[PDB]
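Chemist: The structure's right below; bear with me while I get my questions together.
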Amino acid sequence: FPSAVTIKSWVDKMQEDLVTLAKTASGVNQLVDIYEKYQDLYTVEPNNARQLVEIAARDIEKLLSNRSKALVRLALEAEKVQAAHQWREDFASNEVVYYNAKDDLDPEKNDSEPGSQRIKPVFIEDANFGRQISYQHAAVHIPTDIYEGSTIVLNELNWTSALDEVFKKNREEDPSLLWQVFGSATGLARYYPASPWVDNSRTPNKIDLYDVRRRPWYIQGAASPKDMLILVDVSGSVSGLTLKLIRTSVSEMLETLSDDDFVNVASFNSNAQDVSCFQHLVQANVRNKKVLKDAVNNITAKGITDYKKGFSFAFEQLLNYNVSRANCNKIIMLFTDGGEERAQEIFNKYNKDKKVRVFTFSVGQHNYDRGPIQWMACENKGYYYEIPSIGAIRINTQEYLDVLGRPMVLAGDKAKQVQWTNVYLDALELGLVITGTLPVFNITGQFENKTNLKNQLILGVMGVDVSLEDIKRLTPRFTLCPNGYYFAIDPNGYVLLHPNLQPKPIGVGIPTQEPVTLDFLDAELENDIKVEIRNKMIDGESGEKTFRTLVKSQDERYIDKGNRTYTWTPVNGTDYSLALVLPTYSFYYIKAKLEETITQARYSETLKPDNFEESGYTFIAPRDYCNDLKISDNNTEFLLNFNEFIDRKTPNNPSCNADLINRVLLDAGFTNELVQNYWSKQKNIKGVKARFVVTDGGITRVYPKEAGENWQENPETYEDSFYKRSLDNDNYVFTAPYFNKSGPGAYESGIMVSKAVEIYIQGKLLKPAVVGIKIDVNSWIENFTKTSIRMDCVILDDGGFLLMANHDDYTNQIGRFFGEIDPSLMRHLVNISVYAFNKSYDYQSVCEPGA
Amino acid sequence: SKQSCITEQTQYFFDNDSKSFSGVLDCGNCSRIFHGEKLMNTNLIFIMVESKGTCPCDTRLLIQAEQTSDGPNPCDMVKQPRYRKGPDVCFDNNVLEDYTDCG
Ligand SMILES: *[C@@H]1O[C@H](CO)[C@@H](O[C@@H]2O[C@H](CO)[C@@H](O)[C@H](O[C@@H]3O[C@H](CO)[C@@H](O)[C@H](O)[C@@H]3O)[C@H]2NC(C)=O)[C@H](O)[C@H]1NC(C)=O
Ligand SMILES: *[C@@H]1O[C@H](CO)[C@@H](O[C@@H]2O[C@H](CO)[C@@H](O[C@@H]3O[C@H](CO)[C@@H](O)[C@H](O)[C@@H]3O)[C@H](O)[C@H]2NC(C)=O)[C@H](O)[C@H]1NC(C)=O
Ligand SMILES: *[C@@H]1O[C@H](CO)[C@@H](O[C@@H]2O[C@H](CO)[C@@H](O[C@@H]3O[C@H](CO)[C@@H](O)[C@H](O)[C@@H]3O)[C@H](O)[C@H]2NC(C)=O)[C@H](O)[C@H]1NC(C)=O
Ligand SMILES: *[C@@H]1O[C@H](CO)[C@@H](O)[C@H](O)[C@H]1NC(C)=O
Ligand SMILES: *[C@@H]1O[C@H](CO)[C@@H](O)[C@H](O)[C@H]1NC(C)=O
Ligand SMILES: *[C@@H]1O[C@H](CO)[C@@H](O)[C@H](O)[C@H]1NC(C)=O
Ligand SMILES: *[C@@H]1O[C@H](CO)[C@@H](O)[C@H](O)[C@H]1NC(C)=O
Ligand SMILES: *[C@@H]1O[C@H](CO)[C@@H](O)[C@H](O)[C@H]1NC(C)=O
Ligand SMILES: *[C@@H]1O[C@H](CO)[C@@H](O)[C@H](O)[C@H]1NC(C)=O
Ligand SMILES: *[C@@H]1O[C@H](CO)[C@@H](O)[C@H](O)[C@H]1NC(C)=O
Ligand SMILES: *[C@@H]1O[C@H](CO)[C@@H](O)[C@H](O)[C@H]1NC(C)=O
Ligand SMILES: [Ca+2]
């Protein structure tokens, strides 16, 4: 064992070698020299986080209020038109002409129905929606279980063409509008841009179970948040088929619950108990609903029934205010079959002034008495449903929603307020969308007051989609450092907008049409300061907080000790709350001032893909440089099209922004001026294998053009893990190569080493770019093997990854986690506390189907 | 084909700001001598362990990867759930309502 000072001097020699090699090969201080030399070609502008947050918040408020006004217009016309409609039963002569979304594109005349003449639309291609769209009329969706020729359906198809006119007039005023739809309470959906149904026109293996009345936005707009307590009745007599139908009914009833509704499931047979590990009304989010479903599927039927011991449990659980609740619409759902016990005493004692409704379901095909079951609903504000077979499972839950919306209607115009939905995936594919909903009331008898037979129900729910890509354009991130971003939040904490929110359904457990509700604390690394910031944001108040965080890297393999500043403000007139995360070195940025009309050209000619030997191999970040440019994954096509659209740019003054184009051209100029005046003059170094630089503007030239063929980093510099990593640490960072990744590997690629530029402009610190060296592994192992070999002197980084060893066999598994080889070493090391760690969950990650 | 799935993931980082860490690893019935030196002005560490071919202490492994797992115990995070603000206004229990429609 060599003495401490000996190997300490070894470390000093090797570290000075590495530092000198990196700072001489990459060209850190020379690029700094360029950047400070050209203070005249740009001006440093501040990122006043308060101003940016307020600006983006009021832009998002303006967007949401635009869609709210569209909803108001649609609901006004729907109510007014239906109030002036006269019933019929004779549609053979008076055709109802409409497009049925589930139709055949072939010109087949015999696809029509007796009472209605179908439209054959002309479908154009729109990249705003990504499908076939015809803006001349609105399609209609009619569930497969509902006949499209009955009288109710035909009357609904009649009074909803004024909706066609108002849809068109809404889109004319706001050309950016996505789906706007009337979800009718008879099963119809009438969405404006006429497109074929998403994937189930007529296709095998593919049955269309869509029903608008079961969608999250309809269920949201059709009533107010609930407090359900499903009383399953698992006694002896419900065993067999009745129990299978009861558990299917309970699952399909939990499916009609939002994140604002609270639910628990109890089961009673001569004594009542919960079915799950919960003992109080728990929130009906994805994970709790899954737990309740898994507990209900494990339920067994045995014993006599005591209705009083079950209803006592139900009411006593609905009177528990020590827990968080939706103090509204208290409900009891009784999933029995039938009996001879009205239990008038228990209702008299517990539910006297009738605060709690009671919905009674007679599940099963049987012949027991349904008298008490029909009575319990009457005396207690409820409704009585019958579920005799699978196929009647799916409508009676929709129907209890129909019942709950009476007091919402009786409060005439206080109830007509726009509500925005959690982030779900659109039925007709456009990814993550939120939708505003407005209920549409029945106005037939008004100011000539009549009987009001069914004037307590709603007609349906209006709904207009807002896409999360429509919101990400109101929060531009390209004036920030890559570590900075925007993010928003519900009052439930779920992130409406977040860089860690990806189009994909949220996982709920280990594998054997739900909203993507990713909580804020589950999208980042949770602190105790961040919990405070979340609770401050949810309360809808403004603030600011700078502190030291733990920022997991973009590649999910490292952690940095970041330094962030969370500024936030509420989005006015909405339940959301916007926040802007911003590093301390990100309070200033570069505004490229290139207005000579010839300087931009004298920087632009250098990007052409023919000069790839005077300059390096470049990639262009696929941004919205402008509308004519269409981004692709074939990056060389994007570089080409970018060059042509540079060629004739002067006429495109009101077309596309000077900011991004000038910034990228200036970054190309600075990168080229370094590849020329510091790398081309030298042309080769022994230790290195690839000298590259990345920039926040999008310019990422790599010198040899041959190792750039081994460059798989993302062209979008704002999405490279190593770049955002190098911004944080004010030193050189070694990005360990990915072990056992079929591709450029390590030997023929190298190991990334990078450092961030640290210029000062009028005393303002900036980090515009990160120069990186792909150090060749062979020269470095040669320089390392001038040391002791055989026992093992290893090199590890943040995250404990194996850069190399002296063993000459570990280097074969270069880039592996050191724990995969000799775990005892770094388990001990963790206990010395040289290595901390953090375990966090990724609820939104794909997973192999287990057994 | 593939299904969504909670996957617990781990990351490691230098906890302390010190530069030199030495000791002897307490392997099963054996001793392993090591010295960890953190290279200055970089993110690299030099672990100078002097023990190879000795008794195996590789009882388990530290797998830093996206390993399939169940999520947090949802029966525990309903006792002290995160802060959450419900909708301000809701409509129930209207007296003009017509209860004569049970079915
Ligand atoms: C392992 O191989 C050699 C040393 O065995 C490393 O290169 C040498 O690094 C030392 C660092 O102390 C330099 O002095 C050597 O020359 C220097 O080169 C720079 C280049 O700008 C000059 O400015 C200096 O004045 C000096 O001449 C350097 N040798 C060469 C030929 O460049 C090598 O980097 C190392 N391998 C790795 C991967 O680090
Ligand atoms: C909104 O409410 C109005 C009434 O409040 C509904 O209109 C009424 O609908 C009922 C049932 O569809 C009609 O009763 C039927 O009348 C025909 C002919 O008289 C008869 O053959 C049937 O047996 C049945 O009795 C009623 O006439 C009609 N109008 C009025 C003034 O009551 C309307 O349907 C509701 N909106 C929706 C979308 O359903
Ligand atoms: C994620 O990793 C971080 C690493 O920073 C962990 O935070 C650290 O956790 C340890 C263990 O709980 C804390 O040690 C204790 O700190 C208190 C107060 O500082 C001290 O009085 C105790 O004697 C003990 O040393 C440490 O302070 C804490 N660091 C910070 C900055 O809070 C964290 O626990 C890991 N896990 C999660 C879920 O975040
Ligand atoms: C929201 O409105 C309040 C008062 O109406 C105002 O003080 C605040 O600045 C507004 N917020 C934004 C982001 O405009
Ligand atoms: C809101 O609608 C108006 C139509 O008068 C439109 O000009 C404006 O651009 C819209 N605002 C946003 C943020 O889309
Ligand atoms: C209802 O049908 C009649 C007969 O075709 C038609 O004249 C009337 O315009 C329809 N109602 C609406 C609101 O379009
Ligand atoms: C849940 O299923 C397990 C496995 O069969 C069973 O042992 C247990 O009794 C079930 N739970 C209840 C409450 O019956
Ligand atoms: C709720 O809290 C009160 C007061 O702390 C307590 O008396 C009661 O036992 C608790 N539980 C229920 C179910 O009310
Ligand atoms: C930001 O970084 C500096 C130096 O890295 C540190 O002194 C400061 O405390 C950090 N900010 C906060 C809020 O801790
Ligand atoms: C992308 O397309 C361009 C032109 O179509 C072609 O030159 C290039 O090789 C393609 N690259 C990939 C990775 O497909
Ligand atoms: C270190 O190892 C001891 C002995 O195995 C163990 O009890 C302890 O929990 C470990 N960690 C710390 C921080 O002491
Ligand atoms: Ca029974």
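Going through the structure tokens in order, the chains are called A, B, and so on, while each chain numbers its residues from 1 and the ligands are numbered from 1 in the order shown.
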Can you tell me, as an MDAnalysis selection string, what residues are no more than 8 Å from segment 818-825 of chain A when counting only C-alpha atoms, ignoring any on the same chain fewer than 2 positions away?
Modeler: (chainID A and resid 796 800:802 816 827:829) or (chainID B and resid 25 27 57:58 60:64)
Chemist: What lies within 10 Å of residue 114 of chain A using only C-alpha atoms, ignoring chain neighbours under 5 positions off, as number ranges by chain?
Modeler: A: 91-92, 95, 149
Chemist: Deliver the residues from the most recent selection as a file, using N, CA, C and O atoms, as a CSV table (one decimal), in the first residue's frame.
Modeler:
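Below you can see result-v8.csv, which holds the result:
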chain,number,residue,atom,x,y,z
A,91,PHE,N,-90.0,11.4,-39.5
A,91,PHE,CA,-88.8,11.9,-40.1
A,91,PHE,C,-88.6,11.2,-41.5
A,91,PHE,O,-87.5,11.4,-42.0
A,92,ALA,N,-89.6,10.6,-42.0
A,92,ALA,CA,-89.4,10.0,-43.4
A,92,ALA,C,-89.5,11.1,-44.4
A,92,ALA,O,-88.7,11.1,-45.4
A,95,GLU,N,-86.3,14.9,-43.6
A,95,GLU,CA,-85.0,14.2,-43.4
A,95,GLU,C,-84.2,15.1,-42.4
A,95,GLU,O,-84.2,16.3,-42.4
A,149,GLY,N,-81.7,5.8,-35.4
A,149,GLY,CA,-82.9,6.1,-36.1
A,149,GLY,C,-84.1,6.3,-35.2
A,149,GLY,O,-85.2,6.7,-35.6
Chemist: Counting only C-alpha atoms, which residues of chain B come no farther than 6 Å from chain A, as an mmCIF file with N, CA, C and O atoms, in the first residue's frame?
Modeler:
data_model
loop_
_atom_site.group_PDB
_atom_site.id
_atom_site.type_symbol
_atom_site.label_atom_id
_atom_site.label_comp_id
_atom_site.auth_asym_id
_atom_site.auth_seq_id
_atom_site.Cartn_x
_atom_site.Cartn_y
_atom_site.Cartn_z
ATOM 1 N N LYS B 2 -46.546 -3.299 -24.597
ATOM 2 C CA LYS B 2 -45.888 -2.806 -23.397
ATOM 3 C C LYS B 2 -46.851 -1.934 -22.599
ATOM 4 O O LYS B 2 -47.685 -1.227 -23.172
ATOM 5 N N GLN B 3 -46.730 -1.984 -21.276
ATOM 6 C CA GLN B 3 -47.671 -1.340 -20.369
ATOM 7 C C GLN B 3 -46.943 -0.363 -19.449
ATOM 8 O O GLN B 3 -45.771 -0.546 -19.110
ATOM 9 N N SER B 4 -47.661 0.681 -19.043
ATOM 10 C CA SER B 4 -47.133 1.693 -18.139
ATOM 11 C C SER B 4 -46.929 1.101 -16.752
ATOM 12 O O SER B 4 -47.625 0.167 -16.344
ATOM 13 N N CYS B 5 -45.968 1.663 -16.021
ATOM 14 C CA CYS B 5 -45.402 0.961 -14.879
ATOM 15 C C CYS B 5 -44.576 1.888 -14.000
ATOM 16 O O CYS B 5 -43.657 2.550 -14.488
ATOM 17 N N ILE B 6 -44.888 1.944 -12.710
ATOM 18 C CA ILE B 6 -44.067 2.697 -11.770
ATOM 19 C C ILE B 6 -42.710 2.014 -11.691
ATOM 20 O O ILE B 6 -42.626 0.809 -11.438
ATOM 21 N N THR B 7 -41.646 2.772 -11.924
ATOM 22 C CA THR B 7 -40.296 2.234 -11.908
ATOM 23 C C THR B 7 -39.426 3.086 -11.003
ATOM 24 O O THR B 7 -39.052 4.202 -11.370
ATOM 25 N N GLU B 8 -39.103 2.560 -9.828
ATOM 26 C CA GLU B 8 -38.222 3.237 -8.891
ATOM 27 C C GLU B 8 -36.838 3.337 -9.510
ATOM 28 O O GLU B 8 -36.327 2.355 -10.054
ATOM 29 N N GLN B 9 -36.240 4.518 -9.434
ATOM 30 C CA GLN B 9 -34.926 4.753 -10.001
ATOM 31 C C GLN B 9 -34.057 5.478 -8.986
ATOM 32 O O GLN B 9 -34.553 6.225 -8.139
ATOM 33 N N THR B 10 -32.753 5.242 -9.076
ATOM 34 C CA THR B 10 -31.798 5.732 -8.098
ATOM 35 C C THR B 10 -30.696 6.502 -8.809
ATOM 36 O O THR B 10 -30.360 6.214 -9.960
ATOM 37 N N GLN B 11 -30.161 7.510 -8.130
ATOM 38 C CA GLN B 11 -29.001 8.244 -8.607
ATOM 39 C C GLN B 11 -28.070 8.490 -7.431
ATOM 40 O O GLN B 11 -28.508 8.553 -6.281
ATOM 41 N N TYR B 12 -26.781 8.626 -7.727
ATOM 42 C CA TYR B 12 -25.764 8.808 -6.704
ATOM 43 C C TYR B 12 -24.974 10.078 -6.985
ATOM 44 O O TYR B 12 -24.927 10.562 -8.118
ATOM 45 N N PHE B 13 -24.355 10.616 -5.938
ATOM 46 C CA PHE B 13 -23.604 11.855 -6.058
ATOM 47 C C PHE B 13 -22.710 12.007 -4.838
ATOM 48 O O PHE B 13 -22.962 11.417 -3.784
ATOM 49 N N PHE B 14 -21.662 12.811 -4.993
ATOM 50 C CA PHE B 14 -20.708 13.040 -3.913
ATOM 51 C C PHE B 14 -21.399 13.794 -2.783
ATOM 52 O O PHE B 14 -21.714 14.980 -2.919
ATOM 53 N N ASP B 15 -21.641 13.105 -1.666
ATOM 54 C CA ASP B 15 -22.335 13.726 -0.542
ATOM 55 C C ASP B 15 -21.479 14.800 0.118
ATOM 56 O O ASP B 15 -21.947 15.918 0.359
ATOM 57 N N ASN B 16 -20.225 14.479 0.420
ATOM 58 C CA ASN B 16 -19.343 15.368 1.158
ATOM 59 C C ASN B 16 -18.542 16.245 0.206
ATOM 60 O O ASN B 16 -18.399 15.948 -0.983
ATOM 61 N N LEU B 39 -10.216 14.014 -7.402
ATOM 62 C CA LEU B 39 -9.429 14.908 -8.237
ATOM 63 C C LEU B 39 -9.995 16.321 -8.172
ATOM 64 O O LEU B 39 -11.209 16.525 -8.247
ATOM 65 N N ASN B 41 -10.990 20.166 -9.132
ATOM 66 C CA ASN B 41 -11.526 20.890 -10.287
ATOM 67 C C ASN B 41 -12.068 19.918 -11.335
ATOM 68 O O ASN B 41 -11.817 20.053 -12.534
ATOM 69 N N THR B 42 -12.803 18.911 -10.870
ATOM 70 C CA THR B 42 -13.480 17.961 -11.746
ATOM 71 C C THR B 42 -14.445 17.142 -10.901
ATOM 72 O O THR B 42 -14.550 17.328 -9.687
ATOM 73 N N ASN B 43 -15.157 16.233 -11.568
ATOM 74 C CA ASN B 43 -16.157 15.389 -10.928
ATOM 75 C C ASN B 43 -15.694 13.945 -10.774
ATOM 76 O O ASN B 43 -16.528 13.046 -10.618
ATOM 77 N N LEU B 44 -14.389 13.701 -10.799
ATOM 78 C CA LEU B 44 -13.848 12.352 -10.770
ATOM 79 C C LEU B 44 -13.239 12.048 -9.407
ATOM 80 O O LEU B 44 -12.738 12.942 -8.718
ATOM 81 N N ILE B 45 -13.292 10.774 -9.022
ATOM 82 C CA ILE B 45 -12.676 10.293 -7.793
ATOM 83 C C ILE B 45 -11.689 9.187 -8.140
ATOM 84 O O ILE B 45 -11.865 8.452 -9.116
ATOM 85 N N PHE B 46 -10.628 9.092 -7.342
ATOM 86 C CA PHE B 46 -9.610 8.059 -7.488
ATOM 87 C C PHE B 46 -9.692 7.126 -6.291
ATOM 88 O O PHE B 46 -9.273 7.491 -5.187
ATOM 89 N N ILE B 47 -10.225 5.928 -6.505
ATOM 90 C CA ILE B 47 -10.340 4.921 -5.458
ATOM 91 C C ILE B 47 -9.109 4.032 -5.547
ATOM 92 O O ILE B 47 -8.956 3.260 -6.499
ATOM 93 N N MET B 48 -8.222 4.146 -4.560
ATOM 94 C CA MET B 48 -7.010 3.333 -4.509
ATOM 95 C C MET B 48 -7.215 2.175 -3.534
ATOM 96 O O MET B 48 -6.746 2.177 -2.395
ATOM 97 N N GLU B 50 -6.506 -1.714 -2.558
ATOM 98 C CA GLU B 50 -5.485 -2.743 -2.768
ATOM 99 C C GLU B 50 -6.016 -4.044 -2.177
ATOM 100 O O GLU B 50 -5.642 -4.437 -1.070
ATOM 101 N N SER B 51 -6.886 -4.713 -2.932
ATOM 102 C CA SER B 51 -7.323 -6.066 -2.616
ATOM 103 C C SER B 51 -8.052 -6.677 -3.805
ATOM 104 O O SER B 51 -9.120 -6.192 -4.190
ATOM 105 N N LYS B 52 -7.505 -7.741 -4.384
ATOM 106 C CA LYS B 52 -8.165 -8.427 -5.484
ATOM 107 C C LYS B 52 -7.890 -9.920 -5.393
ATOM 108 O O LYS B 52 -6.818 -10.346 -4.956
ATOM 109 N N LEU B 61 -26.105 -6.943 -5.376
ATOM 110 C CA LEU B 61 -25.535 -5.901 -6.215
ATOM 111 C C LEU B 61 -26.321 -4.614 -6.027
ATOM 112 O O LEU B 61 -27.485 -4.632 -5.619
ATOM 113 N N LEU B 62 -25.666 -3.492 -6.320
ATOM 114 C CA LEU B 62 -26.330 -2.193 -6.378
ATOM 115 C C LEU B 62 -26.675 -1.922 -7.838
ATOM 116 O O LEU B 62 -25.843 -1.495 -8.636
ATOM 117 N N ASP B 70 -43.470 -1.784 -7.348
ATOM 118 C CA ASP B 70 -44.711 -1.141 -6.969
ATOM 119 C C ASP B 70 -44.408 0.286 -6.530
ATOM 120 O O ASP B 70 -43.263 0.642 -6.242
ATOM 121 N N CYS B 75 -51.798 2.877 0.939
ATOM 122 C CA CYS B 75 -52.527 2.832 2.198
ATOM 123 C C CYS B 75 -51.884 3.714 3.255
ATOM 124 O O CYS B 75 -52.514 3.995 4.277
ATOM 125 N N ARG B 84 -54.087 19.962 -0.806
ATOM 126 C CA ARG B 84 -54.955 19.911 -1.976
ATOM 127 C C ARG B 84 -56.174 20.770 -1.696
ATOM 128 O O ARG B 84 -56.787 20.640 -0.634
ATOM 129 N N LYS B 85 -56.521 21.642 -2.636
ATOM 130 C CA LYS B 85 -57.644 22.554 -2.481
ATOM 131 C C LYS B 85 -58.749 22.175 -3.455
ATOM 132 O O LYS B 85 -58.527 22.133 -4.669
ATOM 133 N N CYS B 90 -70.054 24.409 -5.294
ATOM 134 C CA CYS B 90 -70.733 23.231 -5.803
ATOM 135 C C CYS B 90 -72.202 23.312 -5.418
ATOM 136 O O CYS B 90 -72.569 23.951 -4.429
ATOM 137 N N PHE B 91 -73.038 22.639 -6.203
ATOM 138 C CA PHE B 91 -74.487 22.756 -6.092
ATOM 139 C C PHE B 91 -75.078 21.411 -5.695
ATOM 140 O O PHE B 91 -75.006 20.445 -6.460
ATOM 141 N N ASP B 92 -75.653 21.352 -4.498
ATOM 142 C CA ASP B 92 -76.435 20.210 -4.052
ATOM 143 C C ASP B 92 -77.568 20.711 -3.169
ATOM 144 O O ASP B 92 -77.604 21.879 -2.772
ATOM 145 N N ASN B 94 -81.014 21.326 -3.357
ATOM 146 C CA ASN B 94 -81.937 22.389 -3.719
ATOM 147 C C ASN B 94 -83.363 21.960 -3.399
ATOM 148 O O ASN B 94 -83.795 20.857 -3.738
ATOM 149 N N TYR B 99 -88.443 15.206 -6.313
ATOM 150 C CA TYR B 99 -87.954 13.919 -5.839
ATOM 151 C C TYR B 99 -88.794 12.746 -6.322
ATOM 152 O O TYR B 99 -88.481 11.601 -5.982
ATOM 153 N N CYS B 102 -87.956 8.313 -8.715
ATOM 154 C CA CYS B 102 -87.028 7.251 -8.344
ATOM 155 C C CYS B 102 -86.843 6.260 -9.484
ATOM 156 O O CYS B 102 -85.745 6.116 -10.022
ATOM 157 N N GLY B 103 -87.908 5.576 -9.878
ATOM 158 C CA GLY B 103 -87.811 4.574 -10.922
ATOM 159 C C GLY B 103 -88.140 3.170 -10.462
ATOM 160 O O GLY B 103 -88.914 2.975 -9.526
#
Chemist: Just the number, please: distance in Å from atom CA of residue 81 of chain A to atom CA of residue 451 of chain A, one decimal.
Modeler: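 Separating atom CA of residue 81 of chain A from atom CA of residue 451 of chain A is a distance of 19.8 Å.
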Chemist: Report as a PyMOL selection string which protein, DNA and RNA residues come within 12 Å of ligand 4, using only C-alpha atoms and all ligand atoms.
Modeler: chain A and resi 49-62+540-543+567-574+576-579
Chemist: Within 9 Å of ligand 7, counting only C-alpha atoms and all ligand atoms: which residues, as a PyMOL selection string?
Modeler: chain A and resi 275-276+294-295+297-300
Chemist: List all protein, DNA and RNA residues that have any atom at most 6 Å from ligand 1, counting only C-alpha atoms and all ligand atoms, and write the list as an NGL selection string.
Modeler: :A and (17-18 or 20-21 or 24 or 687 or 779-780 or 783)
Chemist: Could you list the protein, DNA and RNA residues that have any atom within 7 Å of ligand 8, counting only C-alpha atoms and all ligand atoms, and write them as JSON, numbers by chain?
Modeler: {"A": [320, 321, 322]}
Chemist: For C-alpha atoms, I'd like the residues from the last selection saved as a CSV table (one decimal), in the first residue's frame.
Modeler:
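So again_11.csv came out as:
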chain,number,residue,atom,x,y,z
A,320,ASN,CA,-66.0,11.6,9.2
A,321,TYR,CA,-64.7,15.2,8.8
A,322,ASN,CA,-61.2,14.5,10.2
Chemist: Please check which protein, DNA or RNA residues sit within 8 Å of ligand 6, counting only C-alpha atoms and all ligand atoms, and write them as a list in words.
Modeler: residues 81, 82, 84, 85, 86, 94, 95, 96, 155, 158, 159, 160, 161 and 162 of chain A
Chemist: Set the cut-off to 9 Å, count only C-alpha atoms and all ligand atoms, and list whatever residues fall near ligand 10 as a PyMOL selection string.
Modeler: chain A and resi 632-638
Chemist: Give me a file of those residues, with N, CA, C and O atoms, as a PDB file, in the first residue's frame.
Modeler:
ATOM      1  N   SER A 632     -37.970  18.022 -38.910  1.00  0.00           N
ATOM      2  CA  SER A 632     -37.948  16.599 -39.205  1.00  0.00           C
ATOM      3  C   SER A 632     -36.953  15.913 -38.284  1.00  0.00           C
ATOM      4  O   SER A 632     -36.205  16.567 -37.554  1.00  0.00           O
ATOM      5  N   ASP A 633     -36.954  14.579 -38.326  1.00  0.00           N
ATOM      6  CA  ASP A 633     -35.982  13.821 -37.546  1.00  0.00           C
ATOM      7  C   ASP A 633     -34.734  13.517 -38.364  1.00  0.00           C
ATOM      8  O   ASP A 633     -33.664  13.275 -37.796  1.00  0.00           O
ATOM      9  N   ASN A 634     -34.851  13.524 -39.688  1.00  0.00           N
ATOM     10  CA  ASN A 634     -33.691  13.460 -40.572  1.00  0.00           C
ATOM     11  C   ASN A 634     -33.005  14.817 -40.514  1.00  0.00           C
ATOM     12  O   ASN A 634     -33.367  15.742 -41.243  1.00  0.00           O
ATOM     13  N   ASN A 635     -32.010  14.939 -39.631  1.00  0.00           N
ATOM     14  CA  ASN A 635     -31.466  16.252 -39.299  1.00  0.00           C
ATOM     15  C   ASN A 635     -30.817  16.927 -40.500  1.00  0.00           C
ATOM     16  O   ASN A 635     -30.849  18.158 -40.606  1.00  0.00           O
ATOM     17  N   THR A 636     -30.217  16.152 -41.405  1.00  0.00           N
ATOM     18  CA  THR A 636     -29.607  16.760 -42.581  1.00  0.00           C
ATOM     19  C   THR A 636     -30.646  17.437 -43.469  1.00  0.00           C
ATOM     20  O   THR A 636     -30.356  18.480 -44.069  1.00  0.00           O
ATOM     21  N   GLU A 637     -31.862  16.887 -43.549  1.00  0.00           N
ATOM     22  CA  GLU A 637     -32.931  17.585 -44.256  1.00  0.00           C
ATOM     23  C   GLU A 637     -33.237  18.920 -43.599  1.00  0.00           C
ATOM     24  O   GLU A 637     -33.476  19.920 -44.285  1.00  0.00           O
ATOM     25  N   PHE A 638     -33.269  18.952 -42.264  1.00  0.00           N
ATOM     26  CA  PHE A 638     -33.544  20.213 -41.589  1.00  0.00           C
ATOM     27  C   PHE A 638     -32.436  21.219 -41.851  1.00  0.00           C
ATOM     28  O   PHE A 638     -32.710  22.398 -42.085  1.00  0.00           O
TER      29      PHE A 638
END
Chemist: Could you list the protein, DNA and RNA residues that have any atom within 9 Å of ligand 5, counting only C-alpha atoms and all ligand atoms, and write them as JSON, numbers by chain?
Modeler: {"A": [59, 60, 61, 62, 63, 64, 65, 66, 67, 172, 173, 174, 175, 176, 177, 470, 474]}
Chemist: Give the residue list for ligand 2 at 12 Å, counting only C-alpha atoms and all ligand atoms, as a count of residues only, sorted by chain and then by residue number.
Modeler: 51
